[PDB]
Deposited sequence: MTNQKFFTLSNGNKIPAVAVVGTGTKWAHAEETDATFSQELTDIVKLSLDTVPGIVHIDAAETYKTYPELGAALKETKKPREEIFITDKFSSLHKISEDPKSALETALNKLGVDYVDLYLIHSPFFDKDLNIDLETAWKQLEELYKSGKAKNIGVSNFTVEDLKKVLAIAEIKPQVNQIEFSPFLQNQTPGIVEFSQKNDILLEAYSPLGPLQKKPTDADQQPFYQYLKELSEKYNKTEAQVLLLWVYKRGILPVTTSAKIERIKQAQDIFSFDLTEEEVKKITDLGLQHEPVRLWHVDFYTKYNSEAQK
């Protein structure tokens, strides 16, 4: 039984994203399109896809969307305007291009990918957000939000927003519990849903793990529930009220991630994962050059 979050505007979003596209010069990846197609064909329930302008994989997504029999209503498509490194002039141009390449009429969620705008953009945050407000009003973007925004950045948006941002996609894992200072607490208190990218950071840099309380406990829980370590971590993110966004080239891992809601963790277990995580040194996979200076406040 798939679980959903309810956004501030009453819309539902599947509470895990299981297909990501960001996985060399100008090469269409048959391997990627095939895994996305297979996921859409075989994963039960609403398949939440994370796409982004910066990945340059719209053709592969579009081909998969065309060739699957998965109905459009059973797909939740998140897309992201490339603000850090300009590809399009503005959100309206970016989304129009994306819709055509994907062969779809609307995206379910549209995000500003970064608060750090390319110097070559002739558009400011306010103007970009207002474009997202218009895309929301026209129905080209069913829901709108932001990614990697700090509290100060969100406050700038909130000060000028007619339509309040619904989502802030941040890096979040047991080893990075506040991407930037206080972001989690602020977002949750202001009814902005957090998505957590790279939630499995701990299992992509596993060192002497056998000696470490965190990994010992994670193995204990895996054995208790007969679920993977990954499944336990993804479920923990959900139990923290956050929407985990995951990837994989293994269909069985993709299916396992979708199936995390087949079990539950006790309050004690959630708190223990949190606390053992917080006593670990930060691990940061994204926006490294911008946000390393915040590592000291992450835990």
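Residues of the deposited sequence lacking C-alpha coordinates fall in the stretches 1 to 2, 26 to 32, 217, 310, numbered from 1.
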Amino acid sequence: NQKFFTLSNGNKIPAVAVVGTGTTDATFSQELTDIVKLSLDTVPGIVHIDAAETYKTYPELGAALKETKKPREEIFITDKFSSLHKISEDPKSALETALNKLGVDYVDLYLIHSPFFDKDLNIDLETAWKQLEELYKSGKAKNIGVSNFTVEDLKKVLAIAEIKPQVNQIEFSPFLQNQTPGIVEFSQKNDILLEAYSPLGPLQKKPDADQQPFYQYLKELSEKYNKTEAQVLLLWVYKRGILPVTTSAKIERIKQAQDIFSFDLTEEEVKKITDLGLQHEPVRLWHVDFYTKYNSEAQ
From here on, numbers count along this sequence of modelled residues.
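For the two regions 239 to 247 and 259 to 267, the entry's Cα B-factors average higher over 259 to 267.
Once the C-alpha B-factors are averaged per stretch, 76 to 84 and 175 to 183 rank with 76 to 84 first. Across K101, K130, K140, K189, the entry's maximum B-factor at the CA atom is seen for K101.
Comparing C-alpha B-factors across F149, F214, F117, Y106 in the deposited entry, the largest value falls on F214. Among all modelled residues in this chain, the alpha-carbon of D153 has a temperature factor (C-alpha) in the middle third.
Ranked against the other modelled residues of its chain, the C-alpha B-factor of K206 as given in the entry falls in the highest third.
For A51, the recorded CA B-factor ranks within the middle third of the chain. Only modelled residues enter the ranking.
Ranked against the other modelled residues of its chain, the C-alpha B-factor of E89 as given in the entry falls in the highest third. In this PDB entry, the Cα temperature factor of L200 sits in the middle third of its chain's modelled residues.
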